[PDB]
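A quick write-up on the structure given underneath.
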Amino acid sequence: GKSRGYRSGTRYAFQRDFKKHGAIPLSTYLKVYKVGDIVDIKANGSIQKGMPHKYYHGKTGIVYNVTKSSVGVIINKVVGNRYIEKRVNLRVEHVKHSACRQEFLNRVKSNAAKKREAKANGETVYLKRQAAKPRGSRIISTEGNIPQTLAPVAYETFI
Amino acid sequence: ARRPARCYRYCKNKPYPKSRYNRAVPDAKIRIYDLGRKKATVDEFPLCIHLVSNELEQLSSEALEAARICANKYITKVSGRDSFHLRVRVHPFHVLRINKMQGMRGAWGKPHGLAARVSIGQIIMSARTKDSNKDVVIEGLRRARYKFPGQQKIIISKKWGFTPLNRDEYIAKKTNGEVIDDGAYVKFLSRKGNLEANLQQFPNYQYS
Amino acid sequence: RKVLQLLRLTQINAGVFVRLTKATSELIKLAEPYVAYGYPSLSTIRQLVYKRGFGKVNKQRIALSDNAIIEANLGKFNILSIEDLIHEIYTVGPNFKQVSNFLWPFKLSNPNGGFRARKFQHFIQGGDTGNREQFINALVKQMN
Amino acid sequence: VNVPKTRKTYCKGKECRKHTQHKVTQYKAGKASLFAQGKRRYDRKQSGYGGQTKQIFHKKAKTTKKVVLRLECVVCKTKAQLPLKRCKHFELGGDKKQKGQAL
Amino acid sequence: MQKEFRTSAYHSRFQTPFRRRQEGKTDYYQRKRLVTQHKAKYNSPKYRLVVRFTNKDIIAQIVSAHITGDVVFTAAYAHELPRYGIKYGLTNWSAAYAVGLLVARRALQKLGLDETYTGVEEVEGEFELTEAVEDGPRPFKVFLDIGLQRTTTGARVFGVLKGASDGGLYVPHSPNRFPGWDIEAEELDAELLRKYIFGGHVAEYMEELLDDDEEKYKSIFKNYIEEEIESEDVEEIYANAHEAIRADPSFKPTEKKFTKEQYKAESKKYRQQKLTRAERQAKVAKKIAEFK
RNA sequence: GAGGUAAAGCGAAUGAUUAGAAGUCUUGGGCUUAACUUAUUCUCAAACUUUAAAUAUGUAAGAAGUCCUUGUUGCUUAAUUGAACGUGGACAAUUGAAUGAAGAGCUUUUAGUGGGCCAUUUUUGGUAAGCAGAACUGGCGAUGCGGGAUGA
RNA sequence: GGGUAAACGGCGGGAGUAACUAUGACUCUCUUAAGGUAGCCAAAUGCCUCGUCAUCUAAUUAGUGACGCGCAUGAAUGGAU
RNA sequence: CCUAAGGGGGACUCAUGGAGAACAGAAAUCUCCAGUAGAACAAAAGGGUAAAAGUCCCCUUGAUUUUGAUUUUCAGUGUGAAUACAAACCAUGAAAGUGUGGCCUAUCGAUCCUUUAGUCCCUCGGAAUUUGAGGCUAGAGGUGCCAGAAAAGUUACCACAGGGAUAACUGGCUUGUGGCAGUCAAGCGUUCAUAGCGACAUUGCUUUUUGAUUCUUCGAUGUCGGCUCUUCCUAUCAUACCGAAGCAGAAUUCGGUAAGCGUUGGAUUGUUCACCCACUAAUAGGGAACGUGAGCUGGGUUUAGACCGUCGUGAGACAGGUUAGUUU
RNA sequence: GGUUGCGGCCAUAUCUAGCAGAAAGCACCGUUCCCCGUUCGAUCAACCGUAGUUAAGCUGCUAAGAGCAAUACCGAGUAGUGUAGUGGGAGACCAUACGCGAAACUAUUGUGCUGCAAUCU
RNA sequence: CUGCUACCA
RNA sequence: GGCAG
Ligand SMILES: [Mg+2]
Ligand SMILES: [Mg+2]
Ligand SMILES: [Mg+2]
Ligand SMILES: [Mg+2]
Ligand SMILES: [Mg+2]
Ligand SMILES: [Mg+2]
Ligand SMILES: [Mg+2]
Ligand SMILES: [Mg+2]
Ligand SMILES: [Mg+2]
Ligand SMILES: [Mg+2]
Ligand SMILES: [Mg+2]
Ligand SMILES: [Mg+2]
Ligand SMILES: [Mg+2]
Ligand SMILES: [Mg+2]
Ligand SMILES: [Mg+2]
Ligand SMILES: [Mg+2]
Ligand SMILES: [Mg+2]
Ligand SMILES: [Mg+2]
Ligand SMILES: [Mg+2]
Ligand SMILES: [Mg+2]
Ligand SMILES: [Mg+2]
Ligand SMILES: [Mg+2]
Ligand SMILES: [Mg+2]
Ligand SMILES: [Mg+2]
Ligand SMILES: [Mg+2]
Ligand SMILES: [Mg+2]
Ligand SMILES: [Mg+2]
Ligand SMILES: [Mg+2]
Ligand SMILES: [Mg+2]
Ligand SMILES: [Mg+2]
Ligand SMILES: [Mg+2]
Ligand SMILES: [Mg+2]
Ligand SMILES: [Mg+2]
Ligand SMILES: [Mg+2]
Ligand SMILES: [Mg+2]
Ligand SMILES: [Mg+2]
Ligand SMILES: [Mg+2]
Ligand SMILES: [Mg+2]
Ligand SMILES: [Mg+2]
Ligand SMILES: [Mg+2]
Ligand SMILES: [Mg+2]
Ligand SMILES: [Mg+2]
Ligand SMILES: [Mg+2]
Ligand SMILES: [Mg+2]
Ligand SMILES: [Mg+2]
Ligand SMILES: [Mg+2]
Ligand SMILES: [Mg+2]
Ligand SMILES: [Mg+2]
Ligand SMILES: [Mg+2]
Ligand SMILES: [Mg+2]
Ligand SMILES: [Mg+2]
Ligand SMILES: [Mg+2]
Ligand SMILES: [Mg+2]
Ligand SMILES: [Mg+2]
Ligand SMILES: [Mg+2]
Ligand SMILES: [Mg+2]
Ligand SMILES: [Mg+2]
Ligand SMILES: [Mg+2]
Ligand SMILES: [Mg+2]
Ligand SMILES: [Mg+2]
Ligand SMILES: [Zn+2]
């Protein structure tokens, strides 16, 4: 007999972290979520109300609705050959702000500051990020660092 | 009764041990893993000789028992029962299954036997003895090798007896008072923990 | 397969110039079992562009037979000549992207003299794929 | 299953629109009338020759029934219906559980 | 014979509780229920009336919780009462009432809701909630946080409750935990509640003890004896204190006899300092040598 | 961000397991064996685990963005607080990573099909099978051509 | 409720013992009734089975004569001649 | 399954161990200390839970009303189950809060028909009144083959459409099993491992057994055995020549090259197989579509007749016995 | 800097065994008329701050402490793994090429930090 | 609780 | 699901 219940296969996914069982620290209940916020979804096993389905465990989405104890999150799920918009109601214990926003918003602030200061100094600045480039030429000093010659070692048994 | 071992030679299945899920499992043919003078102190038998696997393979408990008996008999006959301490280093924990003892319907087998899953370089048998008893212990293992399938190597250990220290580091730690007897094994000094207890347990500890 | 398509290598013996960064290096690593690549010399670049140089003009493959063709398509990037284009490729320039994408993928012949006995193993192990690093010039001399 | 004979739930009656006291009784299905249109149609179809003209259910599988509580408001006499889950034994106003006693 | 329990594996796998739960100070269940705010009231905080009793002091604070820690809005202590005329019985139910009234008046002064939401100016002991004024700001809403202290009818925390409620703060509550609530006949005896508000129980103890056990009256009510305060003028001490509290509820910090640096320098003299790694290594070497 | 597979671990929990040694028997019997306790020792787990990859996987990388000022409401706040949606203003092609782009988006309508099979790798049952059953990819079917003599 | 088997049919499981050994002549209890009687048999009906003994032959899974707790013989579903 | 085992609040802390207390002891009750849960939480297993989700106490009916949204299975249909709100009305608590059944993951049901509740509203069509009937909204009565026909057998008298998608031969893969052969060497062999054997183990070969599978054949490859005849294999029974012995001779046993050459007459059985009698140098084992039916024969099996026993109410079944049955 | 109240992170904070603690705070501490709760004013409630004490709680320090945390020319570029060949090998498996890369182990270091309010030798 | 009678989800 | 002993 096959079993395909709601929480099938969530034995380790919905477990609490080792030595992290019990009461929820209240910064979880003090965070503020607004419509449009990007939030990660991670089911907390100790709160069984408002719990996400196992598909959304590990997914990141957009807050679209704010209720008394919960947020509505928009997820895009692949169903066959396209994506379907899913609207999941989650209690805030299963939700955390996504850290990718604060990094991109910081690059936006930094670009605005650099551009305005470069305009003040009358020069130009290039704001596009660059991939790591091959390193340039260089001279390696050998004072105190004369090359040491290595050789492959013979075979030995150590048991 | 027993199929040829070739039917169960290779580690084709996941480990299948005794558990709350299979309970009617017979016993392994090997029950004794330590032979010879197993109560000898570490200083009595400095020379260690291993029978090492050069195969990723399964060895039945019957083969383990047969090889143990062969090696023990030869070494006790030639050098005496108290001239060595033999230890079998692999325990058969994997349950083999047999189906016939309809057709392919419901073909899940019944427990049939026990086998040890050994790797390449895994030690199968260890024999600690004196140096003068080398050629004897070697010939005991070389005979025991015939009872096993696959290739096995007889390797003379670099270490003192069954300790993890080389034969020179053991002597250094022995003359430095860092090793004490524990029956057949030893305890080593630790520079951690209660200083008074450490000093009491190792009185001859020349601190540096 | 997708990586080779994004490198515009959609046939055998197709060649392209790539500016090495972390992103492009990680691209080429995926296509490594199917490509031979290396560091091209100036004369190799010049011979490629002179003999088999074509531009992508209105999604058509046009021979680079006159500097007016190059100017009309790359004059806004200060490329006015076949030597400007060759320089921009060789000394990887600020407009390398536009100049190398304007260049249609080079369609080389098979080597005159053949490959090694078995192509599809790394150049280090006696094959042909992977990075050969200065022997790409000898291979291109064979194939162009 | 033991359910008390009284209950204070919401009354949908226009006079009440609120929680009032209700008397609880088990619902019992009424007798099937002979002049229901389906019954009349069935009798006409069954008359004459042709045998049995409709199907007769045989493959019974349920061993229980859903118990329905009839809640009558003591103020306005408006009735309400509540189905419970499937129970093999159901009494109304039985003896309440006594915890802390021996056999 | 039996297994030793406190093994290294027991300590390795032990999950210590929250620091303030292991201190036995914070009930995190109740704290979650008190602090957590409706998510559609985004950054609007819930305000708690934290009421704590020590052996000598009554602490009443208006607190809002934030991620970096709780933030005090105002605070009234029982040792401020001598400024207002109450010097003794600093842990009465009536001292609790005065402290609640003081914190309410101080908070309302800080907010600007003084003329609106005055409160119960004529304390008769009747149960009442601060009702909002139409076409004006709603009363400052605060929820009572009694911590680990048990809920009993007659407890002093509800004295601070009643004082704060009469001071003009809107604090939701019921009168069934006040002294004078008849549980059989579910109504509040406001006469007995007013007695407790104005120290009537203490005055009755003074009167009942003086004519029965004068020696115990002399030891228990010493300060009243050397202050020449009798029972009949006990009530006025509170009645005046109330008025003064409403007259000037502002906080006056105690003038500090020493500066922060002087306090720190004095205290640092009595603070043992951690041994350096080299110091404890030298101690170990010395103990080994003296062990030979 | 998520994960609990490979590996690893077992003088770490659970479960399994070999050997001695030192103590306590006070709640085992005949100096003794056996129990426990303590510090050690050999070996394990698809339905064990502190730890924990590689590959695979969610989101973001702007103009529908960021910042500044102040309008509406019956929602919300003790509030002149916010929530959402706005008026007005500033930041111009390095408008904010790479590579590519026979362009993107959208709609209607209808055919055949719904027996599959094979190879590498992962993998279950079975002694195994040119056996039976799954995962990812690539193929044959539907495909000739050069090679493997011959051969989906 | 009664009758009826030359109506259809049915006719069993259980519990102990004799001055060597072997065997057991020696009582009640259950299934909806009775519990296979007289006879006959490894029979065209017996699985085990090529049953065991005798006879027939140099030799017989055949035949005949015996035996019988008979898988599963049997009395006008006629028994034995 | 549960009026609590649902809801709210409060208080308390569990399994177990140690040390103590009349009867009292290994287990009754009392006390202290230790005790991260090693307890308990209706029921499988997993997860979760310690001033609780566990134990006890107090109050209760949120297991209520209205109809939308969402998640899972998914076609993004239904059903089941669950989640977050809106608008009411309540319970509980000092309060914040919490409560739309059971801590979470299972515990269930369309159309038609019937029945009940609600609105007491719409209709009975020439117009009315009162009965009756029919509508609208929500439950219940049930489909367990659980997206939901109303349903007993036999065919050995048989038929049809098909199927090598699928069984009953050969053949092919495999070789568990069957058969045959090695390696090691504890023992046996007066002594003595190895003349001859050889346990515990372990490596193979074969396709003369039987399985496993279902690739070919169901617009048909004639399915037992024997007779007849040819050929092939060798793992050699005999015959030739030899090596070894626990080889004195005689006989016998082990082994090598060897398939050149032979390997029988009969009683019983349809037999393959078997078992006796007898001769013989020996009475070896196998293959060739389990060689060989347009070569035969037809005793068996396996059409249709008939008998018996057991089974079945019966028609009938039996891979049980018996007798008769077209070989182009 | 000490202390209290309320906290954030939730052991670098826990645990064991010792030692010290000025000021204030906190605490133990005293009493039972009153509200209240118990077999028991022990817990819980109320009253005095009066009679006493830092003994305990609490805080800090000590320990080649257990645990925990962090780090690393520790182990180890090992185990494992993505990709490749008409590579090796009867096979079991293994090597090589281009990449990613642990855990245990070993050693060293550390042992709460901190927000708001009030207060103090 | 036995017998008889009845059977559109 | 109706009668009845
Ligand atoms: Mg997890
Ligand atoms: Mg629930
Ligand atoms: Mg397998
Ligand atoms: Mg040529
Ligand atoms: Mg070639
Ligand atoms: Mg009809
Ligand atoms: Mg009729
Ligand atoms: Mg509480
Ligand atoms: Mg898993
Ligand atoms: Mg593993
Ligand atoms: Mg590990
Ligand atoms: Mg373990
Ligand atoms: Mg169609
Ligand atoms: Mg279709
Ligand atoms: Mg089809
Ligand atoms: Mg086809
Ligand atoms: Mg092709
Ligand atoms: Mg070809
Ligand atoms: Mg070939
Ligand atoms: Mg009889
Ligand atoms: Mg008879
Ligand atoms: Mg008979
Ligand atoms: Mg007879
Ligand atoms: Mg017969
Ligand atoms: Mg005969
Ligand atoms: Mg004859
Ligand atoms: Mg006869
Ligand atoms: Mg009979
Ligand atoms: Mg008869
Ligand atoms: Mg419950
Ligand atoms: Mg309850
Ligand atoms: Mg509670
Ligand atoms: Mg849906
Ligand atoms: Mg659904
Ligand atoms: Mg309420
Ligand atoms: Mg609600
Ligand atoms: Mg109807
Ligand atoms: Mg009419
Ligand atoms: Mg229904
Ligand atoms: Mg069906
Ligand atoms: Mg169905
Ligand atoms: Mg029919
Ligand atoms: Mg038939
Ligand atoms: Mg087929
Ligand atoms: Mg075989
Ligand atoms: Mg065999
Ligand atoms: Mg076939
Ligand atoms: Mg056919
Ligand atoms: Mg034919
Ligand atoms: Mg033919
Ligand atoms: Mg031969
Ligand atoms: Mg011969
Ligand atoms: Mg044939
Ligand atoms: Mg023929
Ligand atoms: Mg013929
Ligand atoms: Mg024939
Ligand atoms: Mg016939
Ligand atoms: Mg005839
Ligand atoms: Mg016949
Ligand atoms: Mg015939
Ligand atoms: Zn009503």
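Heavy-atom basis, side chains included; hydrogens, waters and symmetry copies ignored. In what follows, chains are A, B, ... by sequence order, proteins preceding strands, each numbered from 1.
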**Message:** Going only by the six-membered rings, do H:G62 and H:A63 fall inside 5.5 Å on centre distance and below 30 degrees on plane angle?
**Reply:** no
**Asked** Does a distance-only test, which skips hydrogens and angles, find a donor-acceptor pair under 3.5 Å between the side chain of E:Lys3 and the base of H:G38?
**Response** no
**Prompt:** Got a sec, which residues hit side-chain contact (heavy atoms from CB on, under 4.5 Å) with E:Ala75, two or more places apart in sequence or on another chain?
**Reply:** E:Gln61, E:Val72, E:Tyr77
**Message:** For the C1' atoms, the ones on H:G270 and on H:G309, what distance do you get once it is rounded to whole angstrom?
**Reply:** 24 Å
**Prompt:** Is H:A284 base-paired to H:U234, counting Watson-Crick or G-U wobble with both distances below 3.5 Å?
**Reply:** yes
**Request:** Just need the stems in RNA chain K: three or more back-to-back Watson-Crick or G-U pairs, each with both distances under 3.5 angstrom, sorted by first number.
**Result:** J:2-5 with K:1-4
**Asked** Could one point to a donor on the side chain of B:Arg20 or the base of F:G15 with an acceptor on the other under 3.5 Å away?
**Response** no
**Message:** So, using side-chain contact (heavy atoms from CB on, under 4.5 Å) as the criterion, who are the partners of B:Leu195 when residues are at least two apart?
**Reply:** B:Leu199, E:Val284, E:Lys287, E:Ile288
**Request:** Test if I:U59 is paired with I:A20, treating Watson-Crick and G-U wobble as valid and requiring both distances under 3.5 Å.
**Result:** yes
**Prompt:** Does E:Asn55 reach the major groove or the minor one with its side chain (under 5.0 Å)?
**Reply:** major
**Message:** Between I:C9 and I:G112, do both key distances fall under 3.5 Å for a Watson-Crick or G-U wobble pair?
**Reply:** yes
**Message:** Testing the 3.5 Å rule here: is there a donor-acceptor pair between the side chains of E:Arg177 and E:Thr151?
**Reply:** no
**Prompt:** Under the 5.5 Å and 30° test, is B:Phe148 stacked on the base of H:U202?
**Reply:** no
**Prompt:** Counting only Watson-Crick or G-U wobble geometry with both distances under 3.5 Å, does I:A103 pair with I:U86?
**Reply:** no
**Asked** Between the base of H:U116 and the side chain of D:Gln81, is there any donor-acceptor pair under 3.5 Å?
**Response** yes
**Prompt:** Any Watson-Crick or G-U wobble pairing between H:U73 and H:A94, both distances under 3.5 Å?
**Reply:** no
**Prompt:** According to a 3.5 Å cut-off on both distances, are G:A15 and G:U27 Watson-Crick or G-U wobble paired?
**Reply:** yes
**Prompt:** Quick one: are the ring centres of E:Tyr28 and E:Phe18 less than 6.0 Å apart?
**Reply:** yes
**Where the chi angle of H:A87 falls, syn if within 90° of 0 and anti if not** = anti
**Asked** According to the 5.5 Å centroid and 30° plane-angle thresholds, does B:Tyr33 stack upon the nucleobase of F:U18?
**Response** no
**Item:** Near-ring test B:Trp108/B:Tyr16, centroid separation under 6.0 angstrom
**Value:** yes
**Message:** Tell me whether the bases of I:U86 and I:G85 count as stacked, where stacked means ring centres under 5.5 Å and an interplanar angle below 30 degrees.
**Reply:** no
**Asked** Under a 3.5 Å limit on both distances, do F:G116 and F:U57 form a Watson-Crick or G-U wobble pair?
**Response** no
**Carboxylate-amine/guanidinium proximity below 4.0 Å for A:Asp40 and A:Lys96** = no
**Request:** Establish, for the pair A:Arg101 and A:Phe104, whether the NZ or CZ atom is under 6.0 angstrom from the six-membered ring centre and no further than 45 degrees off its axis.
**Result:** no
**Request:** Please tell me which of the listed nucleotides, I:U14, F:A79, I:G85, lies nearest to the side chain of E:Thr16?
**Result:** I:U14
**Prompt:** Is there aromatic stacking of B:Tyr146 against H:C184, centre distance under 5.5 Å, plane angle under 30°?
**Reply:** no
**Asked** Just checking, A:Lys59 and A:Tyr55: is the charged tip under 6.0 Å from the six-membered ring centre and within 45° of the axis?
**Response** yes
**Message:** I'd like to know if D:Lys18 reaches the base of H:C89 with its side chain such that a donor and an acceptor end up less than 3.5 angstrom apart.
**Reply:** no
**Request:** Please indicate yes or no: is the ring centre of A:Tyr6 less than 5.5 Å from the centre of the six-membered base ring of H:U72, with the two planes inclined by under 30 degrees?
**Result:** no
**Message:** Under 5.0 Å from its side chain, does A:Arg7 reach major-groove atoms (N7, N6, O6, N4, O4) or minor-groove ones (purine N3, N2, pyrimidine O2)?
**Reply:** minor
**Message:** Taking the 3.5 Å cut-off for both atom pairs, check whether I:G49 pairs with I:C29 as Watson-Crick or wobble.
**Reply:** yes
**Prompt:** Does the H:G204 / H:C180 combination count as a Watson-Crick or G-U wobble pair, both distances under 3.5 Å?
**Reply:** yes
**Request:** Decide if a Watson-Crick or G-U wobble pair links F:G86 and F:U70, counting it only when both distances are under 3.5 Å.
**Result:** yes
**Message:** Looking at every heavy atom in both E:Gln15 and A:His21, which two are closest together, and how far apart are they?
**Reply:** NE2-O, 2.9 Å
